[PDB]
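Consider the single chain below, provided in C-alpha cells and representing the form deposited in one PDB entry.
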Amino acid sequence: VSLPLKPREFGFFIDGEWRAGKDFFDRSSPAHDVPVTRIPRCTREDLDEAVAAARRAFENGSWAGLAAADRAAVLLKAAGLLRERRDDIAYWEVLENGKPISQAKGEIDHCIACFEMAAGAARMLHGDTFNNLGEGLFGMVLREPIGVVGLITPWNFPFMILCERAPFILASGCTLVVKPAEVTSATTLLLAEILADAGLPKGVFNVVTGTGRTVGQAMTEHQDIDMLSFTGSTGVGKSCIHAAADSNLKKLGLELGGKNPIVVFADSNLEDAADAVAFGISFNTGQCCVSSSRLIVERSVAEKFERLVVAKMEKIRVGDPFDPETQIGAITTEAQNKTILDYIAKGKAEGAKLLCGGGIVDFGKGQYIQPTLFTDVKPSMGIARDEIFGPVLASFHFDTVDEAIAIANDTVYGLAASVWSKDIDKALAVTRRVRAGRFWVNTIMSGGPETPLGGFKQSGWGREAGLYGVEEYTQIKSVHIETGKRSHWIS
C-alpha cells in the first residue's frame, strides 16, 4: 500500500453543507511520521450553528417525523455503503490512528453490523400499554427521541466507537452534533459522506472538528443540546458532568474506561486463556477502555500461567500497520506514549518484576511499545490502580474464589471483566459477583451490537448498542386517559 502523495484536505459538515475551515490541524501517521490529513479547527460559532441545524432538523419533523421504515432505509443504505467502502475507511483509520489494517477491517465489519442492528431497532422501539387499569382508566408509556444529541468520540477506536453510538442515536429520530478526536477526525467525516450518500436529511448529522477545550466544552455546556454521548477518560467525563449541571441538565451517556480484571482458574484451558489475556492487553496496542490490564490467577498455576502469557506476548507481530501479518500497531499520540513509558518506569521503581517487555520497539519512524507483564504487584502500586492505556499487564495471585472476586472488585472502575474456568459454578460466581458491565466467560472482546455495553462504578453512565442503546436517547412519556365522566373534587 502507498502513503498519500500530499495530505488529504477535509471540510467540516453542518446543516447538509461541507465548509472549508479557516484554520487547519495537520495530522501525521504515528506509524510513518508523514503528513496524511488536514482537518479544519472549528469555532464556537461553527458549533452553535451545528446545534442550530440539528435542532431545526429535529423540530421540522424531517427525521423524527418520518416512519421508522424511512430511518431504517437510510441506516440499511449506510450499512451497505459502509461495506462498499470498507477498504477506504480502513485505509484512513490506520493512517490517523496507527492500528493494523487487519484489525481496522475487522472493526468495519462490526460497524456494518451496528448499522443493521440500529435499522432493526428503529422499527422495534416501543413502550407499553396498560389495558388492565379498569373500565375508566387507560394507561400507556410512549418512547420518543430526546432531541439534539452531541457525540464526543476518542482516538482509540475513532470509527468503531462512532458506529457504536451514532446509528442507535439516529434510529429513534434524534439529531447529532459529533466532535471526533482532532488526531482521528477523517473516518468520522467519511461517515458524514456515507450518511449524506445514503439519504440522511440535512442537519440530522453534523461534524464540528477541533479541540475539546473550544468545541468539546462548548458542547458540554451548550444550552440547547439535550443529551451527550462522551466516550473517553473518567477525568473528562467528570468535566462533562460539571458542565451538564452548570448548563441545562442535559442527559449524559458516559463510557469512561477502567482497570479491567481477567480471572484465570487452574481448571481452565490454560493455553486458550493465555492467548485471550495476551489479545486482551495487546489489542489496539493496549489503547483500550475494555483491555484486561489486571490478571487475577489461581496460585496453583500463577507462575506457570504468567510465563505462558509471556510466550504469547513475545510472539505478537509488531510492524507496519499496513502489513496484513502485523498484529499490533503504533501508539496514537506522543502524550499517551510518554504516559505509558512513565508508568512502566514507576512500576519498576515501585518494586515490581518485569517478566517481559518494558521498552519501545525501534522502527526509525513512529512510536511503538512492547507488550509488558509485571508480577509481585501490591494493590498500593500505581500500575495496580491507574488506567495506563498501554499494553502493560499486572498479575495478582488468589487462593479462593472469594479472594479473586475481591481483587477484581478492588477498583473505582467497572467497565469489563473476564473469567477463565471449565467449572460452571466458578464461572457463574465470578460472572455474578464481579461488578463490571461487560463480561466474557472463556472468550475475549466477543459480542455484536445485539447486546448492550457500559460500566459499573466510575466506568460511566447508561448503556450503548442493542435495543437498550437506541432507548437511552429516547424519553419515557406516561399517558393516562380517563373515559366517561369524572367525579368533581369541588362541591
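Start at 1 with the first residue shown and count on from there. Rigid core (definition): largest C-alpha set, two forms, superposition within 1.5 Å.
Missing here is the form deposited in another entry; even so, the following discussion is about that form.
Colleague: Core fitted between the shown form and the other one: which of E59, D33, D423, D48 shows a C-alpha shift of 2 angstroms or more?
Modeller: Residue with a C-alpha shift of 2 Å or more: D423.
Colleague: Superposing on the rigid core, is the Cα displacement of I316 between the shown form and the other one 2 Å or more?
Modeller: No; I316 is a residue whose C-alpha shifts by less than 2 Å between the shown form and the other one when the cores are overlaid.
Colleague: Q223: after superposing the rigid core, is there a C-alpha shift of 2 Å or more between the shown form and the other one?
Modeller: Moves: no, less than 2 Å.
Colleague: Once you overlay the rigid core, does the Cα of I14 travel 2 Å or further between the shown form and the other one?
Modeller: No, the C-alpha moves less than 2 Å.
Colleague: Which way does the C-alpha gap of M227 and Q287 go in that other deposited form, closer or farther, given it changes by 3 angstroms or more?
Modeller: Farther apart, which means the C-alphas of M227 and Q287 are at least 3 Å more distant in that other deposited form.
Colleague: Taking the shown form as reference, are the C-alpha positions of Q287 and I108 brought closer or pushed farther apart in that other deposited form, with a change of 3 Å or more?
Modeller: Note: Cα gap between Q287 and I108 shrinks in that other deposited form.
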